[PDB]
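Peer 1: so I pulled this structure from the PDB, and the sequence comes with it:
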Amino acid sequence: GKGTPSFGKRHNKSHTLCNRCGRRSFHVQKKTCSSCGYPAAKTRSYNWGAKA
Amino acid sequence: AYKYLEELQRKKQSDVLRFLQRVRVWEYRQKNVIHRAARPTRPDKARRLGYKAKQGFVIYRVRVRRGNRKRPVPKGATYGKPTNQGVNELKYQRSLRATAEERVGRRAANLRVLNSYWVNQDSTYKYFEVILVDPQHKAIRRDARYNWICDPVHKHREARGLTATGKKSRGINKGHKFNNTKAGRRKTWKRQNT
Amino acid sequence: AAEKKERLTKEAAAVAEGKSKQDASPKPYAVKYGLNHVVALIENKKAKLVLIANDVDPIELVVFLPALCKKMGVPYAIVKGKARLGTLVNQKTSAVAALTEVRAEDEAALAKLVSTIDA
Amino acid sequence: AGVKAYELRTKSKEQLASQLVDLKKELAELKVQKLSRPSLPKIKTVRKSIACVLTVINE
Amino acid sequence: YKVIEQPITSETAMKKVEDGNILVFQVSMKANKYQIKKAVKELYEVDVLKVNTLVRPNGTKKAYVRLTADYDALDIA
RNA sequence: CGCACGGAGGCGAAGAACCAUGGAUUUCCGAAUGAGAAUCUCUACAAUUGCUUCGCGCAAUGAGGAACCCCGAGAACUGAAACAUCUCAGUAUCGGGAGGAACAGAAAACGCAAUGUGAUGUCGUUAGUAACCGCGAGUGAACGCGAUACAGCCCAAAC
């Protein structure tokens, strides 16, 4: 929940750098992402934000 | 010349056509989406819409589903008219025709389609043929007719994607002067969707 | 329809029989090609016999050959193998279709054979 | 200048795998003793020189 | 393409090329340890008795081959 | 001797730097394509498809792009001083896809009804007109006209 620690203690690797997207972004429990691309073979965006 | 294969394909319950229909789709059924075919099922209609034996031509069947519905339900905020809401009642505007034409084309990425139309199907799926062309081929890019469906793909590209075809360019448009209001000035885009 | 016996199918493809004399009549005079031209001959009764392949595709091009043969009164036969009657007419490719307008030379075996069918 | 890609590309592959070690040694060797005394255009000359040779055969 | 890469020079390396006949650098993760052996010997005249392997971390490969009781640490072609 | 003004050293008149054009080299994954992988590793057009000498032999597709364009899916806040149709709006957002522009396009048209016009876009106007609507709030064309630019043709079948 709230940092106590109760969180932060979690010492698990996740969200490392993706092969093709410089940002770490890719989780390891996920498949690929949280920044552009993978799984989609394109670029990642999403309009959750920018108006189009 | 090919009259009665037009005539014949009218009733579809007349006599010979029906029997072929008994043994036809038996095989087609138990054959999944994407097939291919040496000849069209109706020779008049292919070689009507545009099909000739020539290299670079390919005609495929397609199956679809049966009835039209299959839709997701809206989230909350359903309360209302409801407007866009509903469930199994709505029918989708695209035909199980237009759907046959793509869902072909996205099989063969390379080629485009002048589109034929179905043969009938029962208890479920309808079928459809669908001729496609092939743009970078020879003999295709020869005959004046059956040219320009490949220039090479400068404007026409994924025809039937855009829509430009037979069933499409129908469906969302028919007629000309009169009743072409809130229809094709060019189309739905522009003159906001009806 | 009626069933041909692989014995009749010899002799004249154009006739009820299978192709043989059918090669005659091309060397002699008269024949047709495919379904299209053959159909015309029945329409304007010119062909003595015309043949039809059994195989056929779902072509159903040859669907109205019978009834539209039996009005005109043109006898027509069934052959097995589109290729077989394809080959007798000088055609590299096979044809479901038919023939012999004039039936030259074999105005003999032809017409004798027709009698066999519809005996 | 120096080698200049003329001589290269004219030369055979075997020749290329020669004159590619010729610079290599006087190169790495400059790198050692480079610490001793630094080099001016030589290393840097040799590199580039060597570099070009590789992207010749591997063009 | 080349199996070789350039010598790996480090404190660990110089010790090996000291006690222990030798060692080196390497490259080609996609190199076996036979390949680095042959293309070791191909380079200089020495027989390399045994070459080990070593992933890294560096994202490269390391393989320290040691000579055969007849050749010293070259440290000079 | 990049940004990048250092220390060392070096290159250049054997005409370097730098620019143009052309060539060489061009690891691994791949849209990523032999297979796997957080940019490494292990021993081949992956996948779909056309032609086919039926062999990946010859080819196609995939992804990107500021917005624009085309085809589909499609809200709610809001307005009606509440609110259900209506409205916001076919908007936002989503899915698929083309081009340098797209899309339309040579009448089973128009309908100033005519002895009249003559493919299609677009701009101005027609006009907040006709039409819609708790006939509430709101919504809302077209023919024609003046312009811009103009360009008409190919199949199926008969034989």
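Peer 2: Noted; the coordinates are in hand. Numbers count the residues shown, from 1 in each chain, chains lettered A, B, ... in the order given.
Peer 1: which bits of chain A sit near chain B?
Peer 2: Contacts of chain A with chain B, taken as CB under 8 Å from any CB of the partner chain, are absent. Just so you know, the C-beta spots here come from the backbone N, C-alpha and C atoms, and that holds for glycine as well.
Peer 1: in chain A, which spans are strands?
Peer 2: A:16-17, A:25-26 (DSSP state E).
Peer 1: mind checking which of the ones you listed is nearest residue D:47?
Peer 2: strand A:16-17 (30.3 Å; CB to CB).
Peer 1: helices of chain D, residue ranges please.
Peer 2: D:4-10, D:13-16, D:22-31, D:46-57 (DSSP state H).
Peer 1: compute the distance between residue B:121 and residue B:67, please.
Peer 2: 12 Å (CB to CB, to the nearest Å).
Peer 1: between the two, which is the more surrounded one?
Peer 2: More crowded of residue B:121 and residue B:67, by other CB atoms under 10 Å in any protein chain shown: residue B:121, with 21 against 10.
Peer 1: and chain D, which residues reach RNA strand F?
Peer 2: For chain D, the residues in contact with RNA strand F (CB under 7 Å from any atom of the strand) are D:1-2, D:5, D:9, D:37-45, D:52, D:54-59.
Peer 1: report the outermost residue of chain D with respect to its centre.
Peer 2: residue D:36 (21.1 Å; CA atoms, centre = their mean).
Peer 1: ok, whichever residue of chain D sits closest to chain B - contacts?
Peer 2: In chain D, no residue comes nearer to chain B than residue D:59, which is 30.1 Å away by CB to the nearest CB. Under the criterion of CB atoms under 8 Å, 6 or more residues apart in numbering or on different chains, residue D:59 has no neighbours.
Peer 1: and residue 11, what are its phi and psi?
Peer 2: Answering for chain A, as no chain was given. phi -110, psi 80 (degrees, to the nearest 10).
Peer 1: hmm, no, I was thinking of chain E.
Peer 2: According to degrees, to the nearest 10, residue E:11 has phi -60, psi -40.
Peer 1: what's the separation between it and RNA strand F?
Peer 2: Here residue E:11 is placed at a distance of 21 Å from RNA strand F (CB to the nearest atom of the strand, to the nearest Å).
Peer 1: and for that residue, the neighbour number?
Peer 2: Residue E:11: 7 neighbours (other CB under 10 Å).
Peer 1: where exactly do the strands run in chain E?
Peer 2: E:48-51, E:65-67.
Peer 1: and among those strands, the most buried is which?
Peer 2: Among the strands of chain E, ranked by average contacts under mean count of other CB atoms under 10 Å in any protein chain shown, first place goes to strand E:65-67 (a mean of 22).
Peer 1: which strands or helices does that strand pack on?
Peer 2: helix E:35-41, strand E:48-51 (3 or more CB pairs under 8 Å, 6 or more residues apart in numbering or on different chains; DSSP states H and E).
Peer 1: need the residues that contact it.
Peer 2: E:16, E:20-24, E:36-37, E:40, E:46-52.
Peer 1: check stretch C:25-33 too.
Peer 2: So stretch C:25-33 is contacted by C:14, C:22, C:38, C:40-41, C:47, C:50, C:88-91, C:95, C:97-106, C:110 (CB under 8 Å, 6+ apart).
Peer 1: buried sites along that stretch?
Peer 2: Using 16 or more other CB atoms under 10 Å in any protein chain shown as the test for burial, stretch C:25-33 gives C:25, C:26, C:28, C:30, C:31, C:32.
Peer 1: ok, stretch C:90-98 next?
Peer 2: So, applying 16+ other CB under 10 Å, buried residues of stretch C:90-98: C:91, C:94, C:95, C:96, C:97, C:98.
Peer 1: and that stretch, how far apart are its ends?
Peer 2: End-to-end distance for stretch C:90-98, by CA to CA, to the nearest Å: 12 Å.
Peer 1: coming back round to it: just name the most buried of the strands of chain A.
Peer 2: Taking mean count of other CB under 10 Å, strand A:25-26 is the most buried of those, at a mean of 20.
Peer 1: in terms of secondary structure, what does it contact?
Peer 2: Counting by 3+ CB pairs under 8 Å, 6+ apart, strand A:25-26 packs on strand A:16-17.
Peer 1: the strand it packs on packs against which elements?
Peer 2: strand A:25-26.
Peer 1: now for the closest residue to chain B within chain A, how many residues are close by?
Peer 2: Residue nearest to chain B within chain A: residue A:41 (15.1 Å; CB to the nearest CB). By other CB under 10 Å, 6 other residues sit near residue A:41.
Peer 1: check contacts around residue B:130.
Peer 2: Applying CB under 8 Å, 6+ apart, the residues near residue B:130 are B:59, B:60, B:61, B:62, B:100, B:101, B:104, B:113, B:115, B:116.
Peer 1: return the subset of the residues you listed lying in helices.
Peer 2: Among the contacts of residue B:130, the members falling in helices (DSSP H) are B:100, B:101.
Peer 1: which of the contacts of residue B:130 lies closest to residue B:166?
Peer 2: Closest to residue B:166, out of all of those and judged by CB to CB, is residue B:115, at 4.7 Å.
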